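> Requesting a structural model of the entry that follows:
(chains A, B, C, D, E, F, G, H and I)
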Amino acid sequence: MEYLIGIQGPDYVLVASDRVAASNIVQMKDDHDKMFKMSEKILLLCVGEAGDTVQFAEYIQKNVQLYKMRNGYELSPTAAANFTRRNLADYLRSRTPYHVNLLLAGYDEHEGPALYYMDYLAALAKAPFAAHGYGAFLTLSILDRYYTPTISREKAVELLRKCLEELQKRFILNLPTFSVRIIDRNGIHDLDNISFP
Amino acid sequence: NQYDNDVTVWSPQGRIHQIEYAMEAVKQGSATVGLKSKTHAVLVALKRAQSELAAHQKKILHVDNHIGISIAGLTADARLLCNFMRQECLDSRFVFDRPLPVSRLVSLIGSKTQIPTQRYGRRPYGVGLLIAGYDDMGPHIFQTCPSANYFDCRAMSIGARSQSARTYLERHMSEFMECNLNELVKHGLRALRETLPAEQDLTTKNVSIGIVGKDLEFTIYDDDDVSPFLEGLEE
Amino acid sequence: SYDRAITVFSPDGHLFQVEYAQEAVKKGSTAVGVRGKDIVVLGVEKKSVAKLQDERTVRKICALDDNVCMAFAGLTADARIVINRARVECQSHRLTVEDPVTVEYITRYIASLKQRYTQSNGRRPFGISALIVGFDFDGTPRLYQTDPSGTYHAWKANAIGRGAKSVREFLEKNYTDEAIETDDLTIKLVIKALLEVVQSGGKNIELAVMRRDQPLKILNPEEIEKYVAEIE
Amino acid sequence: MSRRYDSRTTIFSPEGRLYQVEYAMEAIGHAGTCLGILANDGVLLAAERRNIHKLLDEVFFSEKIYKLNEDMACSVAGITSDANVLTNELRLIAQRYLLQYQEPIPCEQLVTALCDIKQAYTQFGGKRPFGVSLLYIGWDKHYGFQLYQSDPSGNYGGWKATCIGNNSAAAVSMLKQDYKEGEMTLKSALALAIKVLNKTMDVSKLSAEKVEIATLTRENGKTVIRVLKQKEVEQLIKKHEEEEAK
Amino acid sequence: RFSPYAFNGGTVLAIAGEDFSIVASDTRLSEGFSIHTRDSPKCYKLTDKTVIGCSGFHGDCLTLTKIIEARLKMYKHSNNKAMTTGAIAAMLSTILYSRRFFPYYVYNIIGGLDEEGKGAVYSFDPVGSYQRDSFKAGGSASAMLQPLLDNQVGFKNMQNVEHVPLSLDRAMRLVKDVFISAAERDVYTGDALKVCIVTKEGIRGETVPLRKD
Amino acid sequence: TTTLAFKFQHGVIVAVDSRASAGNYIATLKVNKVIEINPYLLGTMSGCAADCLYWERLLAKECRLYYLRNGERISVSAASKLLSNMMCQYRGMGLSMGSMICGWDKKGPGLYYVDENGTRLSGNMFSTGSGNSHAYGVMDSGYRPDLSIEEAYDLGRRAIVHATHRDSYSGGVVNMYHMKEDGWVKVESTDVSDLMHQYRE
Amino acid sequence: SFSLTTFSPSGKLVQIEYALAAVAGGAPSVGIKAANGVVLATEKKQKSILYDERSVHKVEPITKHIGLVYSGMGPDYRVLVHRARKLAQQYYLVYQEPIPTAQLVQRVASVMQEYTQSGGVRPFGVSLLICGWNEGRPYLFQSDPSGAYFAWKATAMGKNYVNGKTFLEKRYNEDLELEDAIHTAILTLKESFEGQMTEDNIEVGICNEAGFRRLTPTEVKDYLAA
Amino acid sequence: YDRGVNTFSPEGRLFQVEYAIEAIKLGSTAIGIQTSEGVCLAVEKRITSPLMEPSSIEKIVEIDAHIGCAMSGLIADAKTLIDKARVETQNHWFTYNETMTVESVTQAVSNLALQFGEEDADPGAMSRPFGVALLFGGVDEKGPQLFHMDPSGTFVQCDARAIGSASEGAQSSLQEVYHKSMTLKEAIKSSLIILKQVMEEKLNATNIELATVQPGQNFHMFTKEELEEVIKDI
Amino acid sequence: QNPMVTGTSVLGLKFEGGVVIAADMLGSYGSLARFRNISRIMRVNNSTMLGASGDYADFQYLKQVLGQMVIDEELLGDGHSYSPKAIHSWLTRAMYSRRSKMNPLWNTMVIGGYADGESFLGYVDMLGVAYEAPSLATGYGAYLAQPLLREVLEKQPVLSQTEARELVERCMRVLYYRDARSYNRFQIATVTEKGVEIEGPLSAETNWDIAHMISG
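Residues are numbered from 1 along each chain as shown, chains lettered A, B, ... in the order given. Coordinates below:
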């Protein structure tokens, strides 16, 4: 059960994904990047059954790239999750139901940076921060204590280390390496990969 | 005039001119002849080359061990019926594990030939088919037409300049039943002599044959074994 | 449905329907394109509107992808269907293969459609001829022209539309290694290629450029006049 | 079947054009005169009614002016029967867009969507093309106030001002002369339609019943569309009534 | 209710000599513990150099035999040539996968001469995998015959013993005695033995009796 | 049944065993799991044997198609990309196939792992099969990014040795395939049993 | 499988142009919308006294509040009756309400639009007058073979419609009672129809707050007092 | 136009197909060669402008390692047929795990050519015949084989067959020069002599394309190396 | 699919220039013996015949298909007849497609035939198992009559109609004893060079004296 987490600040959206892809008792690829890029200001992060993550992500990814070419502009973060929800809902009752839990982040010149939560049943929700997997128990409860709507993006990553260290302490599965990115009006900004030497 | 446009339009004399011109295209090409005795049947096909550099076209299409056919008419139009006829013969041994009877096959081929005729938009097959086969009742020579009509003949010559060939076949028809396999090929090749002018007559290179028999499956000969078949015969 | 043959042969062997299709290609506006050294540049003349039309829908220089762009000369009708379904192939190729699109790969699938439309029952051959130009891997540019008949060629310098043969005469004569040397000389060649068929047109020339990793860029009217200012 | 009676629209003329499309543009010219203007404060639409009789009623909102969606509208000049087919298809494309992205469709996207359906019958199918020419108005999130004109061949384009139907050469000529680009707004430029509709109509004494005017303006973050009051349009014509004297 | 197949027993073993290939199997056909008939030849000759036995459910053997021969003669008339022993291998492998969702239950062993004249053996499995080996087995007794195959042909687990290439005389001793030993202890083998040998001239087939129980 | 391969500066080394068994009973000791695709592309086998044969041969066709099409010698990443697609069509119909993708292109000696559900994973060091767990331990003790080709085989040999030693389903004889720029080469086919006396004493 | 309707060099539709020419060559038909109801008057002309009048009626109801008349080819009108009635029932399934007049005639004329487009089918040779009552508003519409439906306070069609419109330019006034509008329509057809004027030849029906109701020959005989 | 596609003539010919074979007279002159040591095919590129790249246009493409191609008349008609020809060729090896014989190549193409029709079919069917004259060569275990195909769809084994505009006098000229055991290098000589004589432009490495197939050497496309050598070794 | 009209054992044996086929006239619904008069045996042209077991319902459908197929060749007058092989070949292939479609006809059939002095006898199964043996049984008759036949076939491989039918009379005599679903009525169909000859219903005399030997 891989773990995703994300946080939406006023001017920013902080997202973090575990890089470990494991099978049975061993880690296949521990640094494998789960973060996918829908467009310049809009990314997507998915977790779930192995094949469903990779495969279904290309659908939303390539089809949004087709939109920008016709109308000359990218979709809005709201239209993104919408277009993502219906396609996942239409394929939910099909012969091959997909198991994926995804966080959708993006920026807009009006709505600003946005974060949208989605389950495996394609139920869309707008929350300041959300997580996936079993790790959401040990983490999001900490965020409820220390979060404020005015929190700076600097103290964000500083706060995220408190939730991530609980995964190495109490939480059973390793997840040694974590990927961190942040999105604002200036575009995607990559950050340090947190590791415990 | 205005009645020659398609098959559906009937002439005031009650004739379809497209079917009439379908029989004309058969007369526009290589003349083949075949005959059957009480035992063996032979199909003599005349191979023609466009030039001397180009080789001779293949007028014989192998169907099955007990069945073979020669084509006279538009070349590629026989390819559609070929793959169909081969598929029908395979389906017979695929289900019944038995070779399809010769008379039953031609009746099924004549059906597929007639279906596109009355239906507008489908071109009728413009190639004639001379098919032979052997069964428990002996060999059979079945000549067809683009009109889908098919007969049963002791010997038949179709194509251009087949007039003098048929006249030779009628007078010698009484011998065709009692002759053995060797004499069937001889008189069968001398019947092909009348289909060509007095300059170019016959060679072993441009003439191929095939035979089917009691215990002998249908085989195809072109040059090697045909040379002793032709030589030793007066013309 | 509607099922019959449209294009049929002739007693001389030539195709009536296809020749009239290429005739409508020449009746359209004059479009040009060249394959530069490190870049590619497209251009097309603009029929002069009087103080009315908006240039958003009128623009005849489009982009199929970040790697490849295109221009068209002919009936504006059939041009938009090809642009749409080619962009679908660009995303479908990236959906099927993680590697990006190839200019030669996308070009053939385009002209292959016009070949299908010619021999299909009830369909019609298009009256458009499109210039497919883009960047291949390692940065090697490629310029290809389509045909209503379905064939596609390769061109270093090309001109389509009205007076395409007239501009081609200027091409073959004035195209040398001196041509398309630099980004400036490549653009000035496209302008001069549009100066033969222009009658008192002036500013009507609009240009476009794609530079290396960057996607198709439209030169502003003032940036166009900067290169047009030098003639004599 | 009877290929003798098959007209084969897909056949090109020896001049390299289409038979039906060329005759379709002429049929549009016989229709009523309709114009439109793109201004700063919004879009302007005015249409003449060629049908004139004492028994006419027109219980609907307007004759040649229809409402595509919340943010867009349209006019029509051409065959009146095939107009309802295109109007329904525009309402289908716009609402199917609202399903996926849950947002209003931009002006340029809805126009190019139907033009692909218009020319699809000229490409194949053997069915006759459409003889309907449509004007498009509305507002979108990006480009804002927009005015579009369509052709029966499927071609289209943006326009600041234009005219369709009868008197196309005279009206468009009179339009450009006094047209103020990005300057003269709804209030002022509304007097031009009445001025043009009086010149395009050969019968003098332009009547407010013989014409129809509708405008669309987004105010306070909400798109507002209405059909102008005939009693006020009369006073708007009373302006033009006193214009030749003063 | 309904079982798509039932195990019918039977055993097929094929050893490929240097220039020859010997294929031998019993005629015993049974269902569960019930016997059908004592003459049920598994080996089916296709072309001059090709003979194939099929060990498994007997009904699925005939359908493949017909579909194979359907493609064989169809290949012949179309391609004007017979299929090589190696060509039938990859052909039937694609035939098995088309039915993958409704798997044929059989053990297919191809035998005959290759293009070089050597004996070739191709062993298949119900899912359609294929491989080439000098000696293969199939069926229930295939488990019991392996040590005797790894001894005479295999030469494994002996201390400094010369490795002689197998001969026809040894094979007739080997292949029979391993079946004589298998038919004793295994219930699914016996009642007769048929041997199919194909050389450059053609097929040579003979039948040798086994224990009647 | 054990299949392992790992990427390194000098190319990739593929090390598998020869024994594929049905149940506790050994089918054949000499089974060849490694499958040939192109001179520069080499396939593997895991799980169902027939599913590896068919699809990689179908991919071998696809590798020829595009090569008979654009003649570009399709990249290794696009290979597994095309393989992922075709496998996701029948996903859920019962196809279980483990496998690996080895090859060399302009990017380098690409190594990719493909699952039954279409999972596509690149990386430096892989493994799969029943007894694969015994391989990770001995292989992960010590590492040099740049491998000496000889001791690299020894690291591959000693892996398979102790791996197949603990696992009952892994065994037979050693199969070893080095990867090179132009094309791969088969290093050796060696018995596992006789390699013990070396390591044993 | 091919549409025979093409554009004339003048732009007119030749097949539809001759469609109305067949409509004008039929029996005259008129209608008037006044006060709370709408009247439709048609003339049924048999070929002898041997044909039953009450067997087949030209005025037919569609739904409770809607009815239709016609002038043109008889058989072409029977196709529209089945398609209009079936369309109104498909309406009642979705919205569970009676169908309004504007919604009905729209999609009913769409059937005319389909057969003037889809291939292998000739256009209709009929023109229908639409009568409906919804939400207190009387609705009188006129449809043509091309499928264009308009709105009319009063109208005339069929034969001698030019003189029929001339009567409506005078005899038709505003604030006119429905009963007087019926006798007014009789005065309109007084000049057109000749010979013996009876209650069986003329066929009249109306629609009002109580709904569309066809008139019996006995009631028409009282309405013939003029 | 006042005639059908399948309408028979009073002389027993098809209006459609007759103009097909009549249309191919405007194509580019190309000649195939069958030798005891291999198969040789040459084609004239017929470039209408220096800006047009003769390297991008290819009238000879590789289906299998044995089989080559040839093109004349309308180029895209051949590309449509070669596409499906390469699909069924790999479908052969996908099943039988062997290379398709030269005969089975033309059998698949002859089937695709015979399917031409309009009514009573799907829209994905080819309505009119191709204006291409096809030459399919190759070398297999049976030895070198060269086949000729016209819009009719027939295939016949022949030593050499001329196609294109000059096919009239070229085919009679190929008869005279080619005889007996004449090999590859000796075939290229008489090939470039007859082709250069009939075409307008002079022989050049970029004005024509040449490729050969041998028993030991598979299909090998001649680059600037081999092309510039054979033109000066003529 | 359902318990529909289940059948009983089916016995057949080759002899010189002919085939003996015997089957009971009892249809059986579940454990109940319900229909005691039915026609199990059908004559197919002159030289061939068919009899079956298992579901009698599904048989009549496939029994009817053969009738229409025999008409096809009789209308042609080609001078040929369906061989027992081809019918046994068509039957094995036709019933085979029922297994791939997951709707198998549940039956066990036996085909007698006489061709040019060589009498063909054949066996088929629902699942498609087919072979040729001189003695064929169905169901528990394979557990009873089959070893009794092969006991005599060892000493007398060649038999005439005399001892063949007389042995079959003794075969079904045991089917009363150890087969609970058998019944008194049975039919004897003999195919000779004169064509199929089907005798009417017959009975069998049996000896129950084992009952009185218990008290001893």
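> and the residue lying closest to residue F:186 once chain neighbours are set aside, bridged to which residues?
Using C-beta to C-beta, 6 or more residues apart in numbering or on different chains and skipping the chain neighbours, the partner closest in space to residue F:186 is residue F:177 (5.5 Å). In short, each C-beta sits where N, CA and C put it, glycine included. Beta-bridge partners for residue F:177, by DSSP bridges, are residue F:14, residue F:186.
> which ones are touching residue F:177?
Residue F:177 makes contacts with F:13, F:14, F:15, F:34, F:42, F:102, F:184, F:185, F:186, F:187, as judged by C-beta atoms under 8 Å, 6 or more residues apart in numbering or on different chains.
> ok, now with 6 Å
Counting by C-beta atoms under 6 Å, 6 or more residues apart in numbering or on different chains, residue F:177 touches F:14, F:34, F:184, F:186.
> cool, and residue I:121?
Residue I:121 neighbours (C-beta under 6 Å, 6+ apart): I:12, I:14, I:19, I:112.
> Then residue B:3?
B:9, B:11.
> before we move on, the earlier item: what subset of the contacts of residue F:177 is buried?
Buried by 16 or more other C-beta atoms under 10 Å in any protein chain shown: F:14, F:34, F:184, out of the contacts of residue F:177.
> Which helix runs longest in the chain?
No chain in the question, so chain A it is. helix A:50-71 (DSSP state H).
> looking at chain H here, not the other one
helix H:75-96.
> Can you tell me who residue C:70 pairs with across the strands?
residue C:62, residue C:132.
> Neighbours of it, how many?
By the criterion of other C-beta atoms under 10 Å in any protein chain shown, residue C:70 has 28 neighbours.
> cool, and residue F:182?
8.
> quick one on the thing from earlier: how about the longest helix of chain A, does it reach chain F?
Yes - Helix A:50-71 is in contact with chain F by C-beta under 6 Å from any C-beta of the partner chain, via A:50, A:51, A:55.
> Show me what the helix or strand following that helix is packed against.
Proceeding N to C from helix A:50-71, the next assigned helix or strand is helix A:77-90, under DSSP states H and E. Secondary-structure packing of helix A:77-90 (3 or more C-beta pairs under 6 Å, 6 or more residues apart in numbering or on different chains; DSSP states H and E): strand A:100-106, helix D:80-101.
> Give the buried residues for helix A:77-90.
A:77, A:78, A:79, A:80, A:81, A:82, A:83, A:84, A:85, A:86, A:87, A:88.
> now it: how far from the chain's centre is it?
15 Å (C-alpha atoms, centre = their mean, to the nearest Å).
> What separation do you get for the residue of chain D found nearest chain I and chain A?
Nearest residue of chain D to chain I: residue D:1, at 35.9 Å (C-beta to the nearest C-beta). Using C-beta to the nearest C-beta, to the nearest Å, residue D:1 is found at 41 Å from chain A.
> Same question for residue G:88.
33 Å.
> can I assume that residue sits in a helix?
Yes - checked against DSSP: H, G, I helix; E, B strand; the rest coil, residue G:88 lies within a helix.
> so who does it touch?
G:63, G:99.
> Pipe the contacts of residue I:121 into CSV and attach secondary structure and neighbour count per row.
Formatted as CSV, the contacts of residue I:121 follow (DSSP: H, G, I helix; E, B strand; the rest coil; neighbours: other C-beta atoms under 10 Å in any protein chain shown):
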residue, secondary structure, neighbour count
I:12, strand, 26
I:14, strand, 23
I:19, strand, 29
I:112, strand, 29
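> Closest one of those to chain B?
Closest approach to chain B among these (C-beta to the nearest C-beta): residue I:112, at 17.8 Å.
> Touching, that closest one and residue I:191? I think so.
Yes - counting by C-beta atoms under 6 Å, residue I:112 touches residue I:191, with 4.9 Å between them.
> Can you point out the buried residues in the longest helix of chain A?
Neighbour count says helix A:50-71 has A:50-58, A:60-67, A:69 buried, by 16+ other C-beta under 10 Å.
> Then stretch H:90-102?
H:90, H:92, H:93, H:94, H:95, H:96, H:97, H:98, H:99, H:100, H:101, H:102.
> near chain F too, which of those?
Okay, of those touching chain F (C-beta under 6 Å from any C-beta), that's H:90, H:94.
> my guess is the residue of chain D closest to chain I is in a helix, correct?
No - checked against three-state DSSP, residue D:1 lies outside a helix; its state is coil.
> mind checking how far it is from residue C:4?
Using C-beta to C-beta, to the nearest Å, residue D:1 is found at 10 Å from residue C:4.
> who has more neighbours, the two?
Taking other C-beta under 10 Å, residue D:1 and residue C:4 do not tie; residue C:4 has more neighbours (20 against 13).
> mind checking the SS state of that one?
coil.
> list the contacts for the residue lying closest to it once chain neighbours are set aside?
Leaving aside its chain neighbours, residue C:4 sits nearest to residue H:118 (5.8 Å; criterion: C-beta to C-beta, 6+ apart). Going by C-beta under 6 Å, 6+ apart, residue H:118 touches C:4, C:5, C:121, H:127.
> Close to chain B: what parts of chain E are there?
E:66, E:70, E:74, E:77.
> when you check these against the helices, which ones overlap?
Those of these lying in helices (DSSP H): E:66, E:70, E:74, E:77.
> Give me the distance from stretch I:72-81 to the chain's centre.
26 Å.
> How about it and chain B, any contact?
Yes - with C-beta under 6 Å from any C-beta as the criterion, chain B is reached by stretch I:72-81 at I:78, I:79, I:80.
> are any of the residues you listed buried, and which?
Here, 16+ other C-beta under 10 Å leaves residue I:78 buried among the residues of stretch I:72-81 next to chain B.
> Switch the residues of stretch I:72-81 next to chain B over to TSV; also include secondary structure.
What follows is the residues of stretch I:72-81 next to chain B, written out as TSV (three-state DSSP):
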residue	secondary structure
I:78	coil
I:79	coil
I:80	coil
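> so which of the residues of stretch I:72-81 next to chain B comes closest to chain D?
residue I:78 (40.4 Å).
> How far off centre is stretch E:202-213?
Counting by C-alpha atoms, centre = their mean, stretch E:202-213 comes out at 14 Å from the chain centroid.
> before we move on, what about stretch D:231-241?
23 Å.
> Pull out the buried positions in that stretch.
For stretch D:231-241, using 16+ other C-beta under 10 Å, the buried residues are D:233, D:236, D:237, D:240.
> Residue H:87: neighbour count?
So residue H:87, with other C-beta under 10 Å, has 15 neighbours.
> meant to ask about residue A:133, not that
19.
> tell me the strands in the chain, going along the chain?
Picking chain A for this. Shown for chain A, the strands assigned by DSSP state E span residues A:4-8, A:13-18, A:21-23, A:26-29, A:35-37, A:42-48, A:100-106, A:114-118, A:124-126, A:129-131, A:178-184, A:187-190.
> switch to chain H, that's the one I care about
H:30-35, H:38-44, H:134-140, H:143-149, H:156-157, H:162-163, H:208-213, H:220-221.
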